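Visitor: Here you go, one structure.
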Amino acid sequence: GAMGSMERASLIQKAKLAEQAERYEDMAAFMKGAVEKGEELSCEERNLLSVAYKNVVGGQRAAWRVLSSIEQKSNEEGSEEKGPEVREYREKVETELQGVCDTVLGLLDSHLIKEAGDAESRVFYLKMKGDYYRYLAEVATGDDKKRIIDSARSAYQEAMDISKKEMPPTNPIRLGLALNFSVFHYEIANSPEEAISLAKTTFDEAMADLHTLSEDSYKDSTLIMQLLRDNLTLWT
Amino acid sequence: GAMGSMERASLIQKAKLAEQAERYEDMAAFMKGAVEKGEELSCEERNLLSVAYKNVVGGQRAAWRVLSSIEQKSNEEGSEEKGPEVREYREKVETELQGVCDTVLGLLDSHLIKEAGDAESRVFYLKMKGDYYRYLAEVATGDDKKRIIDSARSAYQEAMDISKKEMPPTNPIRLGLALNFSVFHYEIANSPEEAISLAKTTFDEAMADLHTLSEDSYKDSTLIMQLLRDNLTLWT
Amino acid sequence: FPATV
Amino acid sequence: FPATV
Ligand SMILES: CC(C)(Nc1ccc(Cl)cc1)C(=O)Nc1cccc(-c2csc(C(=N)N)c2)c1
Ligand SMILES: CC(C)(Nc1ccc(Cl)cc1)C(=O)Nc1cccc(-c2csc(C(=N)N)c2)c1
């Protein structure tokens, strides 16, 4: 680890600086270094970790989609053979994406999840595990594709079970988990009806619990509720 | 060179794919590989090279500015000591920026400029040399700062002299060179009057030559003329 | 693409 | 910042 000589607190400070500078690869490297110090992460620190890698992998996914689209068109009837370059470069980006996903999954497995006992930490990490298996699933085509999908499903399901037992229905982690598990159903598991049911039930149960919240908690919860509605509108 | 085993044409193809995917670091690496094949660059290839590195260094410059601003505030009277981290991270980004600039300047010196005999290639490369010394000047503070500034000035001046002899006043390379040399005067050389004079004279001489142009050449030239006007409006 | 967080 | 190309 090239961050092994830097203080944990300095890594966290520099992750925040990297965020301000929109240097998300640096942010992710700093937060990986912080995780590798071996201490549990606070709430703020968990969100720095997730923000960093979500931005990095989000850019990779967008690039992969562009290249996959070009590749599929190069393979339509009538196309002019362009050689191996489009496939090669899509493969390059894909391998880099898989590497980022494997890095995050490795941090969760060594040893963030096993030390996470509070619902807010454990659900957050299991959601991340489902998310990064989902990104692996998006590019998977081989003998392992079904197992990658089931790994995402299993992580999301454990997170869901804990969240329903231990968090209120407006908890933003619970809401974001359900949002993403619903997208997993729609886009990965070929289960649009499950996706729609989950989004609707999550939205309605949250609606009924909003009366318990402060103004600031209300803003946080209704933001994610709007994303659930947005997806439902896309899908119906 | 990690691109030494890839065909020149494949590098150019992949640079264009990387552009479509907004993967500008990859684009720059592919175009560096293409330059290192040793052949001269066509017009399209020169612009792929410039687009790639301008995007990479542009992001570095934006990050450096954010971090420099934070650093200067941490040094105002009344600030709470935050330790060495802001300076360290600004230094890290600065060193990476200098490295990119040195890489581009190295490609121009080995051996793009010395083989560039046509005005459109030679002026383009000398403009690039002025630009990347200008970016080095933006972060320079040491014994070498005046020499870095004079290196930018000298490259811009040679490009200007060739452009005035060999290109019409509406040539977009000539216009973009003058735009950037004018910014050099204003922001680097503490010569706002020279900056304003150069922008105005360039604009007026271009205006008078627009009547010679096709519709498409007119669009290209008037686009850069508008940038000259935009700067003049900022400065007056 | 659908929204995720 | 001023425009450059
Ligand atoms: C806007 C959004 C996306 N809602 C969300 C909802 C669900 C889940 Cl699972 C994840 C996110 C979000 O980020 N909420 C959030 C919640 C708690 C802390 C931080 C944070 C601290 S620090 C920090 C930073 N970027 N410096 C961010 C950010
Ligand atoms: C819009 C702008 C910035 N005007 C400009 C003006 C002056 C100077 Cl010196 C530099 C730029 C520009 O880019 N003009 C331009 C001119 C010639 C070729 C290409 C090109 C070929 S291919 C390609 C690509 N991005 N694939 C671009 C692009």
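In the structure tokens, chains take the letters A, B, ... in the order shown, each chain's residues start at 1, and ligands count up from 1 in the order shown.
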Using only C-alpha atoms and all ligand atoms, find each protein or nucleic acid residue lying at most 6 Å from ligand 1; present the set as an MDAnalysis selection string.

Guide: (chainID A and resid 44 47:48 51 124 172:173 176:177) or (chainID C and resid 5)

Visitor: Based on only C-alpha atoms, which of the residues in chain B come within 9 Å of chain A? I want them as a PyMOL selection string.

Guide: chain B and resi 10-11+13-14+17-18+20-23+59-60+62-67+70+83-86+89

Visitor: For the selection you just gave me, I'd like the residues written to a file as a PDB file, in the first residue's frame, keeping N, CA and C atoms.

Guide:
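Listed below is the output, selection_32.pdb:
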ATOM      1  N   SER B  10      -3.800   1.673 -35.282  1.00  0.00           N
ATOM      2  CA  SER B  10      -4.626   1.211 -34.164  1.00  0.00           C
ATOM      3  C   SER B  10      -4.588   2.208 -33.005  1.00  0.00           C
ATOM      4  N   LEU B  11      -3.439   2.834 -32.783  1.00  0.00           N
ATOM      5  CA  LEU B  11      -3.344   3.863 -31.756  1.00  0.00           C
ATOM      6  C   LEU B  11      -4.247   5.047 -32.089  1.00  0.00           C
ATOM      7  N   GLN B  13      -6.898   5.007 -34.095  1.00  0.00           N
ATOM      8  CA  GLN B  13      -8.277   4.536 -33.964  1.00  0.00           C
ATOM      9  C   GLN B  13      -8.711   4.550 -32.507  1.00  0.00           C
ATOM     10  N   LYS B  14      -7.850   4.050 -31.622  1.00  0.00           N
ATOM     11  CA  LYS B  14      -8.227   3.983 -30.217  1.00  0.00           C
ATOM     12  C   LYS B  14      -8.239   5.361 -29.576  1.00  0.00           C
ATOM     13  N   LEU B  17     -11.687   6.504 -30.271  1.00  0.00           N
ATOM     14  CA  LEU B  17     -12.621   5.802 -29.391  1.00  0.00           C
ATOM     15  C   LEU B  17     -12.569   6.361 -27.975  1.00  0.00           C
ATOM     16  N   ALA B  18     -11.358   6.611 -27.476  1.00  0.00           N
ATOM     17  CA  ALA B  18     -11.196   7.165 -26.142  1.00  0.00           C
ATOM     18  C   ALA B  18     -11.856   8.531 -26.053  1.00  0.00           C
ATOM     19  N   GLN B  20     -14.491   9.531 -27.765  1.00  0.00           N
ATOM     20  CA  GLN B  20     -15.934   9.305 -27.720  1.00  0.00           C
ATOM     21  C   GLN B  20     -16.367   8.878 -26.323  1.00  0.00           C
ATOM     22  N   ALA B  21     -15.516   8.120 -25.625  1.00  0.00           N
ATOM     23  CA  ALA B  21     -15.767   7.654 -24.261  1.00  0.00           C
ATOM     24  C   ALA B  21     -15.363   8.662 -23.187  1.00  0.00           C
ATOM     25  N   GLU B  22     -14.897   9.850 -23.579  1.00  0.00           N
ATOM     26  CA  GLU B  22     -14.395  10.878 -22.655  1.00  0.00           C
ATOM     27  C   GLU B  22     -13.319  10.331 -21.718  1.00  0.00           C
ATOM     28  N   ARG B  23     -12.459   9.488 -22.274  1.00  0.00           N
ATOM     29  CA  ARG B  23     -11.324   8.895 -21.570  1.00  0.00           C
ATOM     30  C   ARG B  23     -10.057   9.585 -22.061  1.00  0.00           C
ATOM     31  N   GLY B  59      -7.934  19.569 -16.659  1.00  0.00           N
ATOM     32  CA  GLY B  59      -8.424  19.053 -15.389  1.00  0.00           C
ATOM     33  C   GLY B  59      -7.436  19.245 -14.256  1.00  0.00           C
ATOM     34  N   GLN B  60      -6.148  19.042 -14.535  1.00  0.00           N
ATOM     35  CA  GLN B  60      -5.116  19.241 -13.519  1.00  0.00           C
ATOM     36  C   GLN B  60      -5.071  20.691 -13.082  1.00  0.00           C
ATOM     37  N   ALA B  62      -7.491  22.914 -13.203  1.00  0.00           N
ATOM     38  CA  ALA B  62      -8.662  23.244 -12.403  1.00  0.00           C
ATOM     39  C   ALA B  62      -8.494  22.737 -10.980  1.00  0.00           C
ATOM     40  N   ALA B  63      -7.975  21.528 -10.830  1.00  0.00           N
ATOM     41  CA  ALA B  63      -7.747  20.975  -9.493  1.00  0.00           C
ATOM     42  C   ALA B  63      -6.709  21.787  -8.734  1.00  0.00           C
ATOM     43  N   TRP B  64      -5.596  22.100  -9.396  1.00  0.00           N
ATOM     44  CA  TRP B  64      -4.559  22.910  -8.773  1.00  0.00           C
ATOM     45  C   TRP B  64      -5.117  24.240  -8.276  1.00  0.00           C
ATOM     46  N   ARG B  65      -5.994  24.871  -9.057  1.00  0.00           N
ATOM     47  CA  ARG B  65      -6.532  26.166  -8.658  1.00  0.00           C
ATOM     48  C   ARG B  65      -7.389  26.040  -7.408  1.00  0.00           C
ATOM     49  N   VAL B  66      -8.214  24.992  -7.341  1.00  0.00           N
ATOM     50  CA  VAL B  66      -9.020  24.741  -6.148  1.00  0.00           C
ATOM     51  C   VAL B  66      -8.108  24.595  -4.936  1.00  0.00           C
ATOM     52  N   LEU B  67      -7.069  23.762  -5.069  1.00  0.00           N
ATOM     53  CA  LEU B  67      -6.201  23.462  -3.936  1.00  0.00           C
ATOM     54  C   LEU B  67      -5.363  24.677  -3.543  1.00  0.00           C
ATOM     55  N   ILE B  70      -7.544  26.934  -1.495  1.00  0.00           N
ATOM     56  CA  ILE B  70      -7.684  26.435  -0.123  1.00  0.00           C
ATOM     57  C   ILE B  70      -6.416  26.719   0.665  1.00  0.00           C
ATOM     58  N   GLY B  83      -2.078  21.713   9.373  1.00  0.00           N
ATOM     59  CA  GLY B  83      -0.984  20.812   9.122  1.00  0.00           C
ATOM     60  C   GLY B  83      -0.496  20.927   7.694  1.00  0.00           C
ATOM     61  N   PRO B  84       0.393  20.017   7.294  1.00  0.00           N
ATOM     62  CA  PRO B  84       1.021  20.114   5.970  1.00  0.00           C
ATOM     63  C   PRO B  84       0.187  19.555   4.832  1.00  0.00           C
ATOM     64  N   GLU B  85      -1.018  19.042   5.104  1.00  0.00           N
ATOM     65  CA  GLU B  85      -1.704  18.210   4.119  1.00  0.00           C
ATOM     66  C   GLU B  85      -2.136  19.002   2.886  1.00  0.00           C
ATOM     67  N   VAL B  86      -2.630  20.228   3.062  1.00  0.00           N
ATOM     68  CA  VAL B  86      -3.101  20.992   1.908  1.00  0.00           C
ATOM     69  C   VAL B  86      -1.938  21.294   0.977  1.00  0.00           C
ATOM     70  N   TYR B  89      -0.776  18.043  -0.818  1.00  0.00           N
ATOM     71  CA  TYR B  89      -1.631  17.548  -1.887  1.00  0.00           C
ATOM     72  C   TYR B  89      -1.609  18.504  -3.087  1.00  0.00           C
TER      73      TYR B  89
END

Visitor: Any idea what the distance is between atom CA of residue 101 of chain A and atom CA of residue 121 of chain A?

Guide: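 Here the two named atoms are 19.4 Å from each other.
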
Visitor: I want to know what sits within 10 Å of residue 1 of chain D, based on only C-alpha atoms, with residues of the same chain fewer than 2 positions away left out; could you give that as number ranges by chain?

Guide: B: 183, 187, 231, 234; D: 3-4
